[PDB]
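**Q** sequence, then the experimental structure. Questions to follow.
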Amino acid sequence: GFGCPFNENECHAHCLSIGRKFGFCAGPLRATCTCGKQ
């Protein structure tokens, strides 16, 4: 995905910064991140 496996901390913190409290990278390619609450 966008963050993992490259930078999970970034994707994670990034998603966490948009209100979401959890989330990971969405898709295999560096597209976006899948937040736990969209």
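**A** It's in. Numbers count the residues shown, from 1 in each chain.
**Q** where along this structure do the strands fall?
**A** 23-26, 32-35 (DSSP state E).
**Q** could the ones you listed go into JSON lines alongside mean neighbour count and distance to residue 8?
**A** For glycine as for every other residue, the C-beta is placed from the backbone atoms N, C-alpha and C. Output for the strands of the chain, formatted as JSON lines (neighbours: other CB atoms under 10 Å; distance: least, CB to CB, whole Å):
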{"stretch": "strand 23-26", "mean neighbour count": "20", "distance to residue 8": "7"}
{"stretch": "strand 32-35", "mean neighbour count": "18", "distance to residue 8": "10"}
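**Q** now those strands as CSV including distance to residue 2?
**A** What follows is the strands of the chain, written out as CSV (distance: least, CB to CB, whole Å):
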stretch, distance to residue 2
strand 23-26, 5
strand 32-35, 5
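**Q** out of these, nearest to residue 14?
**A** In terms of CB to CB, the element of those nearest to residue 14 is strand 32-35, at 6.6 Å.
**Q** and the closest one, what other elements does it pack with?
**A** When contacts are defined as 3 or more CB pairs under 8 Å, 6 or more residues apart in numbering; DSSP states H and E, strand 32-35 packs onto helix 8-17, strand 23-26.
**Q** who touches that strand?
**A** Contact with strand 32-35 is made by 1-3, 11, 14-15, 18, 20, 22-26, as judged by CB atoms under 8 Å, 6 or more residues apart in numbering.
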